[PDB]
Amino acid sequence: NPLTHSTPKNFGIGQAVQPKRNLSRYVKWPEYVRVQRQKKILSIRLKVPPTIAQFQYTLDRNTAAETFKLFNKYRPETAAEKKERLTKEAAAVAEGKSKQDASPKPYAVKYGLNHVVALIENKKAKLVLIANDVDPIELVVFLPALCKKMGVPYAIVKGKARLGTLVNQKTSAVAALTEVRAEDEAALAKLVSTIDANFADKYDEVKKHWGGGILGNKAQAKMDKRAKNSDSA
Amino acid sequence: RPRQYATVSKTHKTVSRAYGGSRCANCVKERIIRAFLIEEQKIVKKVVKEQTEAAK
Amino acid sequence: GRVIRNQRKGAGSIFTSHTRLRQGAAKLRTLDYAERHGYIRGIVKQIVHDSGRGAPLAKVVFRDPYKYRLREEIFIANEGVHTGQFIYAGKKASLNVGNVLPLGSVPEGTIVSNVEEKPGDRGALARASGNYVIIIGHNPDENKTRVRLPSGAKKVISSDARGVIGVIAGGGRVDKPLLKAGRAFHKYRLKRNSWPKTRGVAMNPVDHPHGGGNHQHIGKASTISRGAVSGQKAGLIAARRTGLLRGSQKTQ
Amino acid sequence: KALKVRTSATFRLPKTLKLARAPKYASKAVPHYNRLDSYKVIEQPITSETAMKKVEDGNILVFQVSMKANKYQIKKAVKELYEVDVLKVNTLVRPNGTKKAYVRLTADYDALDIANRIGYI
RNA sequence: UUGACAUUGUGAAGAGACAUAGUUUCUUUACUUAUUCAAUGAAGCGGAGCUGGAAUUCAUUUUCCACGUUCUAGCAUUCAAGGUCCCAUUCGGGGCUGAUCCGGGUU
RNA sequence: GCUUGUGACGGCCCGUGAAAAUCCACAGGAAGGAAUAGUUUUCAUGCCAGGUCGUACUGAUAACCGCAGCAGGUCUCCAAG
RNA sequence: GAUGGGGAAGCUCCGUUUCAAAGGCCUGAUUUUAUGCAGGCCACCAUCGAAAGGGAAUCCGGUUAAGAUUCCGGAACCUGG
Ligand SMILES: [Mg+2]
Ligand SMILES: [Mg+2]
Ligand SMILES: [Mg+2]
Ligand SMILES: [Mg+2]
Ligand SMILES: [Mg+2]
Ligand SMILES: [Mg+2]
Ligand SMILES: [Mg+2]
Ligand SMILES: [Mg+2]
Ligand SMILES: [Mg+2]
Ligand SMILES: [Mg+2]
Ligand SMILES: [Mg+2]
Ligand SMILES: [Mg+2]
Ligand SMILES: [Mg+2]
Ligand SMILES: [Mg+2]
Ligand SMILES: [Mg+2]
Ligand SMILES: [Mg+2]
Ligand SMILES: [Mg+2]
Ligand SMILES: [Mg+2]
Ligand SMILES: [Mg+2]
Ligand SMILES: [Mg+2]
Ligand SMILES: [Mg+2]
Ligand SMILES: [Mg+2]
Ligand SMILES: [Mg+2]
Ligand SMILES: [Mg+2]
Ligand SMILES: [Mg+2]
Ligand SMILES: [Mg+2]
Ligand SMILES: [Mg+2]
Ligand SMILES: [Mg+2]
Ligand SMILES: [Mg+2]
Ligand SMILES: [Mg+2]
Ligand SMILES: [Mg+2]
């Protein structure tokens, strides 16, 4: 309205150099970026066999949250807690004549791959959590089959570091439970039942189902509309 | 010689009219008339094809 | 025996192109947004002689649609284009001499030069002075465009392939006798060390299949098979026929 | 929330923290003393007769000078070692791999005097 | 140069066997992720929506095109002026809009 | 007049007869800038500094290569009656 | 002719902007204080290669046994600060 003025610009072809736009879709990313992205795509364009891709069926966040809820009540000893336990049991044992039992029987989540494997073999685990990320998937693939044969209820859970946080490691391939104070027995079977329903009962059916073969949407839309018109003309 | 133009005052390297040391003052006369006439005909081009849109 | 002449050329020591004075590489613009959705305007700022080349080149400057700057291309001058002309380049572009249009967007009978083999290769076919291609039909499904090349061959390429309307300047250049060695000398002086040519029949046998003998003669059939091996191929390679071509040429 | 917004199409090397050096042991345990002191910059007077003439006529001292020394290091090493103002210094390499300085003093200083004050004659 | 095997994976029609149930093998022709070729300071791809309109309506749209630049050897740059909302009003500065959404497959 | 320099032209080409450093100008208008006093270093004048290596001589029927102070070979400027 | 690379048993061969996360300037921010970060650019991508190519700027007189557009004298010019 003052000496100010409206002067709209004409960004049509042949005039008015294009403005700056969000070229995020076009940037020439570093190869390491490119590789991991196309690795995910190549891993989806193939037909993946059913002994893999029984993964990608990750436990739901709610059931998982309740599983992290219970499992946190059973962390292993911290740094200071063990040195604290020692001097408490180095004193009371060596003089008070405690039968190497000036400390109560511990209750914690069991972890470490080879540890957890033999626990399942020996039928001592009550609930095995398997991460969905393990990069040499062979370290883990045989666990749904193993738990199934051993009557051990298992669950594939998003987060190999999230299993690691609850055991004071940066990461952890697995996390399992064998011992549980009687105050938490009921919450366990409650979780185990939901968990068996999602995985250990669906095993044999998932064992027959391949996965993958999923097109990108440029070749998908070229498919949804090519079979759209060809049939319903 | 080109390095010597740095040892000489600006009046030796320009003339007072627009596009001084750059264009030959008959080209300036031309890029003036061309500019003015095109901006004029450009206005003519719009209201002619505006009336086209109102009657077609 | 020795390594024969045509074998030495591939090493490219004294046989590489004599390139110093060349104007640049003649190329259509990069097939960007403007050219394949609309059209873009430029001015041929100059048409100029390219050393060692038959046809004159056309320097054609455009605006950069993405940065405030002028970007200049090197076209081959199609006959009739001139300094100061406005060249349009795009899918939707007028069918006027000098403009560059996707083969799909010109009627049959159009006569274009510097045409792309696949779309975007910035100019492959019909570049030498006096040549052109003619479009002889279209297949809108698969959007091919059948053309006829200067050889007579009839290739079929994409309708997106780009060509420039008209024929290439400098025609008839090959109707004048060189008239004398020096003209040919200065000719090849600015192309490459291909001239003059000692006949293989004037060398000793170390040098060439045709070499030696107490009279000057080829000694065996000069038609050499495709399957011949390097150092054998000299003469009429894979000749499907031979002798003075009498009767009308012109592919059926 | 949502993604980054890169207006440019080129990815470039992120500008990362480039840390200075905090060595845990020293470099060479003792810094080397001055490799070209004044007493090393000027090695001998040149008392050739053609040079002695430049002392008497042109008010110039001729010195054999370290090859490593430049025109600056001569001018400085002359003032410090002889308490004189140097106008300008011309040098040349003798044809036996030695440097000759033609050192000219300002009009205040008489070269001839400063020449038998250092001793040669 | 020609063949076989390996790199070699996904469909569909058509041949081939236990002797006219689908495991498997080929011929024909599709698919894209291996592999291959090109282009670009990986810039506007694919899908959908806006508004116009050819279109004839067989109930209301069943669709298909479009969907800022062509008398002239000018000029086109400061995240854009305009519009709108903020900072607590300074001089400065930001968001949105201008420039429609969605998928991150550079084409 | 002679040698050389240069100009405006003209002949020739299927030959149309390098590159980069570097220097300037223009288009642009970001910004900064005075009344009780500012902007100005492309105007004049004034201050300081400018390193490192080569620099002699021969260049030829004797200083180079031809076993040599070899009738050979070896790039070029100046040029009186 | 290095370099991310690609060959090759290997000495090494190939590629030179080459399928690479390739780099640095202007000044603002500081008034702990020195240079961290706040803008915006540039995506130009080694280097070697001409004592006849390109190229900042000097002259005259005098002077030595032997040096000089280099010393002396007088008169300039360029570049950087
Ligand atoms: Mg041989
Ligand atoms: Mg070459
Ligand atoms: Mg030759
Ligand atoms: Mg011949
Ligand atoms: Mg011949
Ligand atoms: Mg012979
Ligand atoms: Mg032979
Ligand atoms: Mg033979
Ligand atoms: Mg013969
Ligand atoms: Mg004969
Ligand atoms: Mg010197
Ligand atoms: Mg085959
Ligand atoms: Mg691209
Ligand atoms: Mg001459
Ligand atoms: Mg000319
Ligand atoms: Mg100039
Ligand atoms: Mg000045
Ligand atoms: Mg320096
Ligand atoms: Mg001399
Ligand atoms: Mg002599
Ligand atoms: Mg001799
Ligand atoms: Mg190399
Ligand atoms: Mg150099
Ligand atoms: Mg030079
Ligand atoms: Mg030179
Ligand atoms: Mg003299
Ligand atoms: Mg002397
Ligand atoms: Mg002399
Ligand atoms: Mg002097
Ligand atoms: Mg003076
Ligand atoms: Mg100055």
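Residues numbered from 1 in each chain as written, not as in the entry; some residues may be left out. Chains lettered and ligands numbered in written order. Part of a larger assembly, values for the part shown. Heavy atoms only, no water. Residues with missing side-chain atoms left out of burial classes, pairs and counts.

As stated in the entry header, the method of structure determination is X-ray crystallography and the reported resolution is 3.10000240787 Å.

Labelled according to the PDB entry, chain B appears under the name 60S ribosomal protein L34-A, originating from Saccharomyces cerevisiae.

Test applied: UniProt positions are given in the numbering used here, feature names are shortened, and annotations may be inferred rather than shown by experiment.
As named in the PDB entry, chain A is 60S ribosomal protein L8-A, taken from Saccharomyces cerevisiae. One UniProt comment on chain A, placed under Subcellular location, says "Cytoplasm". According to the UniProt record, the Sequence similarities comment for chain A reads "Belongs to the eukaryotic ribosomal protein eL8 family."

### Structural notes on the protein's contact with RNA strand G
Applied cut-off: Any residue with a non-hydrogen atom lying within 4 Å of a molecule or strand is treated as near it. Residues adjacent in sequence count toward polar contacts only when both atoms are side-chain atoms; beyond that, a polar contact is any pair of N or O atoms within 3.5 Å, and within protein one must be able to donate a hydrogen and the other to accept it. Each residue gets one of three labels, nonpolar for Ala, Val, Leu, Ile, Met, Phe, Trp, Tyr, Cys and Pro, charged for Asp, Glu, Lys and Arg, and polar for the others, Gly among them.
Taken together, 17 residues lie near RNA strand G, and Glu31 of chain A, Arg3 of chain B, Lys67 of chain C together with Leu13 and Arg104 of chain D sit nearest. Sugar plus phosphate, as a fraction of atoms of RNA strand G within 4 Å of the protein: 68%. In the environment of RNA strand G, a base oxygen lies 3.4 Å from a nitrogen or oxygen atom belonging to the side chain of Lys15 of chain D. In this structure, a phosphate oxygen belonging to RNA strand G sits 2.9 Å away from a side-chain N or O atom of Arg104 of chain D. The class makeup of the residues in the surface near RNA strand G is five nonpolar, four polar and eight charged.

### Quick notes on the layout of surface pockets
Rule in force here: A 1.4 Å probe that fits but cannot get out identifies a cavity on a 1 Å grid over protein atoms alone, an open set with protein on both sides within 12 Å along at least five of seven lines counts as a pocket, and a residue lines either if it has an atom within 4 Å of a point. Grid points are joined across faces, edges and corners, and a volume is the space filled by probe spheres set on the points. Secondary structure is summarised from DSSP: a helix means a run of H or I of at least four residues, a strand means a run of E of at least two, and numbering begins at the N terminus for each.
Looking at the largest pocket, its volume works out to about 1900 Å³. Every residue lining the largest pocket is counted, 44 residues in all, and those nearest its centre are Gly14, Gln15 and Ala16 of chain A together with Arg41 and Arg63 of chain C. Here the lining of the largest pocket gets nine residues from one element, more than from any other, and that element is helix 1 (residues 26–54) of chain B. A class-by-class count of the residues in the lining of the largest pocket yields 23 nonpolar, seven polar and 14 charged. Computed from the structure, the second largest pocket encloses a volume of approximately 870 Å³. For the second largest pocket, the lining is made up of 22 residues, of which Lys40, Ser43, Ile52, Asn132 and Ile137 of chain A are closest to its centre. Taken together, the elements giving at least two residues each to the lining of the second largest pocket come down to helix 1 (31–45), strand 1 (47–48) and strand 5 (211–212) of chain A. Each residue belonging to the lining of the second largest pocket can be placed in one class, and the counts come to eleven nonpolar, six polar and five charged.

### Things to note about the nonpolar core
Defined as follows: The nonpolar core is taken to be a set of buried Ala, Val, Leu, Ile, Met, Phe, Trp, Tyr and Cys residues, with the residues joined through side-chain atoms within 4.5 Å. Whether a residue is buried, partly exposed or exposed follows from its accessible area with a 1.4 Å probe, protein chains only, as a fraction of its type maximum: under 20%, in between, or over 50%, in that order. The contact criterion used throughout is that any non-hydrogen atoms of two residues lie within 4.5 Å.
In this structure, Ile120, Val128, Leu143 and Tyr154 of chain A are the most contacted members of the largest nonpolar core, which totals 44 residues. Residue assignment for this core shows that the elements contributing at least two residues are helix 2 (61–72), helix 4 (113–121), strand 2 (127–131), helix 5 (138–149), strand 3 (154–157), strand 4 (174–177) and helix 7 (185–198) of chain A. Each residue touching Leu143 of chain A, except ones within four places of it in the same chain, is listed here: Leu113, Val117, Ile120, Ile130 and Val174 of chain A. Grouped together as the second largest cluster of nonpolar side chains are 24 residues, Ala69, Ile74, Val89 and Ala101 of chain D included.

### Topic: the interface of chain C and chain A
Using the following cut-off: Two parts placed together each lose some accessible area under a 1.4 Å probe, and adding up what both lose gives the buried area. Each reported salt bridge corresponds to a side-chain nitrogen of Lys or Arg within 4 Å of a carboxyl oxygen of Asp or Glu.
Counting residues at the interface gives eleven residues for chain C, matched by seven residues for chain A. A buried area of about 590 Å², summed over both sides, lies between chain C and chain A, and 63% of it is on carbon and sulfur atoms. Area buried by chain C at its contact with chain A is led by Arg63, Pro65 and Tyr66 of chain C, which between them contribute 60% of it. Inspection of the region where chain C meets chain A yields zero salt bridges.

### Some points on the packing of aromatic side chains
We describe a pair of aromatic rings using the distance from one ring centre to the other and the angle between the two ring planes. Residue and element names in this part refer to chain C. Heads up, the rule is: Only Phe, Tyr and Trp rings take part, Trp by its six-membered ring, and two of them pair if their centres are within 6.5 Å. Stacked means planes under 30 degrees apart, edge-to-face means over 60, and tilted covers everything else.
In total, this model carries six aromatic pairs over all chains according to the counting rule given. Arranged with centres 6.0 Å apart and planes meeting at 70°, the rings of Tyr39 and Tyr88 form a pair that is edge-to-face. Of this pair, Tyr39 sits in the loop between helix 2 (33–37) and strand 1 (40–48) while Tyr88 sits in strand 4 (residues 86–89), placing them 49 residues apart in sequence. For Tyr88, a relative accessible area of 25% corresponds to the partly exposed category.

### Overview of the protein's contact with RNA strand F
Taken together, the neighbourhood of RNA strand F is formed by 32 residues, with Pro2, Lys10 and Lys13 of chain B, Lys176 of chain C together with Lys71 of chain D sitting nearest. Here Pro2 of chain B contributes a backbone N or O atom positioned 2.5 Å from a sugar or linking oxygen of RNA strand F. In this structure, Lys187 of chain C approaches RNA strand F through a side-chain N or O atom, which is 3.2 Å from a base oxygen. Of all the secondary-structure elements, those providing two or more residues to the surface near RNA strand F are helix 3 (181–189) of chain C together with helix 3 (71–82) of chain D. Among the elements that line the surface near RNA strand F, the one with the most residues is helix 3 of chain C, at three residues. Taken together, the residues that form the surface near RNA strand F break down as twelve nonpolar, ten polar and ten charged.

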